[PDB]
Amino acid sequence: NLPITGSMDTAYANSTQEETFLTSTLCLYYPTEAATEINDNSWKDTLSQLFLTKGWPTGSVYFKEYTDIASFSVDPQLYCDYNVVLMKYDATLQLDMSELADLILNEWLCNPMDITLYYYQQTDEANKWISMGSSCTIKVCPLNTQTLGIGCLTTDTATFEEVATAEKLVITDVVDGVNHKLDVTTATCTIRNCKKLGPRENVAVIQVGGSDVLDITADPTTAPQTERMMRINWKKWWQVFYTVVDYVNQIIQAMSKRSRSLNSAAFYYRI
Amino acid sequence: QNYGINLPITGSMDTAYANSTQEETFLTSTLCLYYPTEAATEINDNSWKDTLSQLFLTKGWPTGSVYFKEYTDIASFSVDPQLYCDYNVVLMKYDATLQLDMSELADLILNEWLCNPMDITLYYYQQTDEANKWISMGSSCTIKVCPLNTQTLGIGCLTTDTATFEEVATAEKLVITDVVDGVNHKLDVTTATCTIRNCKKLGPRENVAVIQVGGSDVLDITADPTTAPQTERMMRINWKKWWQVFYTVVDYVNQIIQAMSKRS
Amino acid sequence: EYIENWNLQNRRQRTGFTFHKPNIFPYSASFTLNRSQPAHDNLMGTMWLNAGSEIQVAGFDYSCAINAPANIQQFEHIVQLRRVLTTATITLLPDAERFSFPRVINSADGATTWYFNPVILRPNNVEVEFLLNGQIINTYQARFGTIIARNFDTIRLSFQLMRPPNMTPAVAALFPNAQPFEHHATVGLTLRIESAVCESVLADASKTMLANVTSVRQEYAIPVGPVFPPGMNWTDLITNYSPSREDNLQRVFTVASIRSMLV
Amino acid sequence: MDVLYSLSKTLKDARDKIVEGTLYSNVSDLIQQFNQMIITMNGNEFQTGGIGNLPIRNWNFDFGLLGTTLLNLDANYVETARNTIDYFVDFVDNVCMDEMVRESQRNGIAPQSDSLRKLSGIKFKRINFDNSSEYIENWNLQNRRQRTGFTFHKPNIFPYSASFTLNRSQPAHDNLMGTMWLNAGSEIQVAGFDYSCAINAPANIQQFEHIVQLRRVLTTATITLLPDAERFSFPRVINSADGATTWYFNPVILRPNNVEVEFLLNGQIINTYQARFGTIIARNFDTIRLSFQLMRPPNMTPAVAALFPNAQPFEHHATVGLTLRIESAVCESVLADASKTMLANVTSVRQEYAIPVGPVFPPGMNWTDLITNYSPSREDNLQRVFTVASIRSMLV
Ligand SMILES: *[C@@H]1O[C@H](CO)[C@@H](O)[C@H](O)[C@H]1NC(C)=O
Ligand SMILES: *[C@@H]1O[C@H](CO)[C@@H](O)[C@H](O)[C@H]1NC(C)=O
Ligand SMILES: [Ca+2]
Ligand SMILES: [Ca+2]
Ligand SMILES: [Ca+2]
Ligand SMILES: [Ca+2]
Ligand SMILES: [Ca+2]
Ligand SMILES: [Ca+2]
Ligand SMILES: [Ca+2]
Ligand SMILES: [Ca+2]
Ligand SMILES: [Cl-]
Ligand SMILES: [Zn+2]
Ligand SMILES: [Zn+2]
Ligand SMILES: [Zn+2]
């Protein structure tokens, strides 16, 4: 990182929207019921041709399908330069969808949490415990300097306080500066000590139907709706895809290139 | 003053404020309340329109000007809703299952539209820009579309076979269709029961205020996903009785009118 | 200087008065709306303060020139100086700090108040024209800081709101494709005449002739006469600066300088 | 230059003092000086003009002397004097214009027009008398290699520069730390902005620095320092440094903390003021260093606490501004300022006659370019043309 000095008299460059569309890829994530209702085996081709009418080259818009919010939340691997997740709304899953958004709208620096040998804690408000798997049931036993438990016995898990049950993804936030013994099913879950670095600008979440319920910040005093969190009312999925295609320029203007240099080596759909 | 986009109007930042014009506008303006049949059902009083007119008179309106129009429900009210009052207030009952229909109705009545007739049998139709929409109304509106290419052949559809078309509306009473711009579309609609119009959203409708009774903020009067604006004419209240809803509308009628602009 | 100009004017020779910050513009805080409607929510126009030796103008578009051709909204402002200025040093600054904060402004006829919520953008294609008798004398394109207007009686400021073709998400949010518009794109301009030369007498920031004459007239309760406005108010005087007013005012200014030699 | 100035001063004194009815005792010395000027100039041929659209003009001096026997001046005497005065004023105006439009790189202090070079001859020094104006006095001091001094009300020392430096930036430009400034004329507005309000800063303090280099040394400078920057306190959409994109700025103004202004000369601290606002005196400096701090308020009201969250998004960006206005200063070099007119006169003459761009000054006499690259050669040429412009302003 170096200082950048700019002149406020500098002339605006021409639109780069065409070039970024030509040199980037767009990944769309939708629920399988969308494909069920559309009932057309060539609809990927149709959406690709419509996106070509919108500027994107053929073969740059990738369509990815997930069963539901709960399943998609197990290690979501976002591939393209720009990712748009069409997330169905359910009044019963307000937390989970939020968690999913909280997982994909932010960058996370995660390290393994070997609970069975080590005692863990959360240093600051950015530190969370992100647990993903088939069934994440997490119980917590707060501890203290004398190494005893507060309303929990380290030798008896039945006394561990309950914070997650049968979860595909859950973010656990406990009181900072306190050591907690953890009881989670390592067989059906993996828990990681994570820090949210900041917003993840290459991922937009469009909530299909419903109202504003997403809360991507653990702080109760903030429920910020960034430009990348859209929400559309719906009755047909074809209308949903038509609006995603038509306002694609608007959607991408709300997004920015990831810019984060990762330690990982994952697969990407890139040109 | 009117709508002088054509010609300039110059003003001085020292011009003294006139007095309140609220009384004069109430005296020269007709007020209409659009409420669902359920409201009249829960209000067993038959002379209740008279009482509401009297209460408005206590609030300044002359006793020939406040009007009350009933509609069965949102679906039926969305069929060619005619608003002929200087100030229109639509009390719109909220239902979680009809969110898109609430949004379509509010978009239709909270905005001005320039609509031209459509002939889905005689011509193909495309949408020019983000303002060009298709607005279909009637008893039942089932609309299917086949996007064409530059060669007029269909994309993921066959023009001859309507079954291969893509379905954007079923049995609707009102629907706003927004397709990808610049692409000719062959259309199939139930013209017997569905009139479709090629419409352009000119701008907000300033004399119509929708009070959403109960519920939350679900109205999305913009086809752009990135924007869900809440204009000052889109109000929301929490309710258990319709008499209290009407009393709230009457008592804060000054606040409701100052949130709207008189008919031009 | 004043007696020299008096003698020169008696002989019909070219006079010259050097003014630091001449009070050449009568106070006028006004606005023009080129696009408007009774709700005052999608407004395009200009608002300006001409005061003394300062012009502060600002062109505002509520739609941010979304529908304007080429995404450019052209704003123009004209100030007709009541006397010709020569050898004028003028500061240009891109922004108008006076029209960059939210304000509630009366309607042209005073019936209602409208709302202004500026978000300031760099003025584009800035063009200052200094004209004399309807002919262009000096032209400055995209020039800021000190400029020289050698001889002019009219200032024509043409500027543009150019919608930025690229926007970051925070920026892209503020300017939606359609109404409602909550952040109105404003382009400013500030013009400051620091020093000029005029063949006529004027008030300015460094002298005391006007203040001396006004003080003497107020101290002895001089009734209003048929030449000068009541109280020797400079705005009225310069607004209707007639040759008869110019002669009387030069006389009293010369006498005031002669008095200042001693008092 | 001194001879041209003396001609102009003699002509101005003659205009002001040779008036109807005045005692000859009032003008006797002036009459002697005027007749001496006639004697010196008589029989001398000059040519002005011939550059740009400035017309070639030929000047011939064959004049009679003024009478000396009157007790009081009458109308006849004044008209007789005025004819010669008019011709001489025309000549001096044309010489001044011919000099104002010319420049040289190596020897720009020396006269450039043929007429002024001829007037630099020894025989013309008889015209020379009282050199009392500030510009001619500084010209004579510079010729004698003495310390020079020009007083400027609001010196135009800072070239126009509206720029920003981002010390923390992202492609989405939403967690931005840096500063933006306008230097223009005698004004410097600076504003440091932190989008996170220094929540992650070590001691909740963000340090901002702004160094401005003056192209000439200023002395005896009265400056006003104010703790806010109105220029960077309203929302704006600003281009990016490359111009590719635009970012958003939504200031909320906090008072600057630990304000420290240093006036430096050759990198040495001459004057220093901490937490001092209003009028300060910088006695001798060439650099201004403004250091200020954004201190996160330890205690906040609910509205203030709502403005500044723990993490992103950041919608209200904390800003601390400083304003520095030089009202009066002294410089050893000529500078444009707000009260004088020499620059405007030189530019006006160069424009009215369509003078081609020369090898010294920037096109159009643009002050920003001149002061940005204020080289010694440019300073010499500028002092020459400014002295000539003042001499011209004595008459025209
Ligand atoms: C920018 O757009 C203009 C307008 O057509 C075009 O002439 C120009 O070549 C484009 N590119 C650049 C780099 O200016
Ligand atoms: C406005 O109100 C004032 C204050 O009572 C009253 O005197 C006046 O007549 C009213 N009407 C007008 C036109 O000013
Ligand atoms: Ca969960
Ligand atoms: Ca327990
Ligand atoms: Ca915690
Ligand atoms: Ca929260
Ligand atoms: Ca519908
Ligand atoms: Ca098909
Ligand atoms: Ca469309
Ligand atoms: Ca929308
Ligand atoms: Cl000043
Ligand atoms: Zn108006
Ligand atoms: Zn001053
Ligand atoms: Zn940048």
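Heads up, chain A uses Swiss-Prot numbers, so what you see runs 56-326.
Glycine residues also receive a Cβ, built from the backbone N, Cα and C atoms like all the rest.
According to Swiss-Prot, the Ca(2+) 1 binding site annotation covers A:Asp95, A:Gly206, A:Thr214, A:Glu216. In sequence order, A:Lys194, A:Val195, A:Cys196, A:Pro197, A:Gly206, A:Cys207 make up the list of same-chain residues 6 or more apart from A:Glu216 (Ca(2+) 1 binding site) whose Cβ falls under 8 Å from its Cβ.
Mapped onto three states, the DSSP output places A:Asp301 (Ca(2+) 2 binding site) in helix. Taken from Swiss-Prot, the feature Ca(2+) 2 binding site covers A:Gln177, A:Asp228, A:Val229, A:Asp231, A:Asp301, and the record attributes it to experimental evidence.
Marked as disulfide bond by Swiss-Prot on the basis of experimental evidence: A:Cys82-A:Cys135 (among others). A:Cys82 (disulfide bond) is surrounded by 22 other CB atoms, counting those within 10 A of its CB over all protein chains shown.
In the three-state DSSP reading, A:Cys165 (disulfide bond) counts as strand. For A:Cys165-A:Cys249 (among others), the entry in Swiss-Prot reads disulfide bond, with the evidence type experimental evidence.
The annotation disulfide bond is assigned in Swiss-Prot to A:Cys191-A:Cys244 (among others) on the grounds of experimental evidence. Secondary structure at A:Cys191 (disulfide bond), taken from DSSP and collapsed to helix, strand or coil, is strand. Around A:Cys191 (disulfide bond), the same-chain residues at least 6 positions away in sequence with a Cβ under 8 Å from its Cβ are A:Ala219, A:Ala221, A:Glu222, A:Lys223, A:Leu224, A:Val225, A:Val239, A:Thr240, A:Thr243, A:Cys244, A:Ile246.
Around the Cβ of A:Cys207 (disulfide bond), 20 further Cβ atoms fall within 10 Å across all displayed protein chains. The disulfide bond annotation in Swiss-Prot covers A:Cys196-A:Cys207 (among others).
If you look up Swiss-Prot, you'll see A:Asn69 marked as N-linked glycosylation site, on the strength of experimental evidence. Its own atom aside, the Cβ of A:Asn69 (N-linked glycosylation site) has 11 Cβ atoms within 10 angstroms in the protein chains shown.
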**Item:** Sparsest-packed among the binding-site residues, when each Cβ's other Cβ atoms within 10 Å are tallied, from A:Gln177, A:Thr214
**Value:** A:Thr214
**Item:** Neighbourhood of A:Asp301 (Ca(2+) 2 binding site) by C-beta distance under 8 A, where only residues 6 or more apart in the same chain count
**Value:** A:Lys109
**Complete:** Distance filter, Cβ under 6 Å of ligand 8; input recorded positions A:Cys82, A:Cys191, A:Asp231, A:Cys244; output none
**Asked** To the nearest whole angstrom, what is the C-alpha distance linking A:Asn69 (N-linked glycosylation site) and A:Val229 (Ca(2+) 2 binding site)?
**Response** 49
**Item:** Chain C contacts among the recorded positions A:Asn69, A:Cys196, A:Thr214, A:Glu216, A:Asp231 (Cβ under 8 Å)
**Value:** A:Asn69
**Message:** Which one is it: of the disulfide-bonded residues A:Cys165, A:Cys244, A:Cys249, which Cβ has the fewest other Cβ atoms within 10 Å in this structure?
**Reply:** A:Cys165
**Fill in**
In all the protein chains shown, the tally of other Cβ atoms within 10 Å of the Cβ of A:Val229 (Ca(2+) 2 binding site) is 19
**Fill in**
Contacting chain B at Cβ under 8 Å, from the recorded positions A:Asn69, A:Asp95, A:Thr214, A:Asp301, are A:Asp95, A:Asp301
**Fill in**
For A:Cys135 (disulfide bond), the nonlocal same-chain Cβ neighbours (under 8 Å, six or more residues apart) come out as A:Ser79, A:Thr80, A:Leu81, A:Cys82, A:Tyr117, A:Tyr323, A:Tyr324, A:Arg325
**Complete:** Mapped onto three states, the DSSP assignment of A:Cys82 (disulfide bond) reads strand
**Prompt:** So among the binding-site residues A:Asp95, A:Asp228, A:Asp231, who's got the most Cβ atoms within 10 Å?
**Reply:** A:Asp95
**Request:** Across all the protein chains here, work out how many other Cβ atoms are within 10 Å of the Cβ of A:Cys196 (disulfide bond).
**Result:** 21
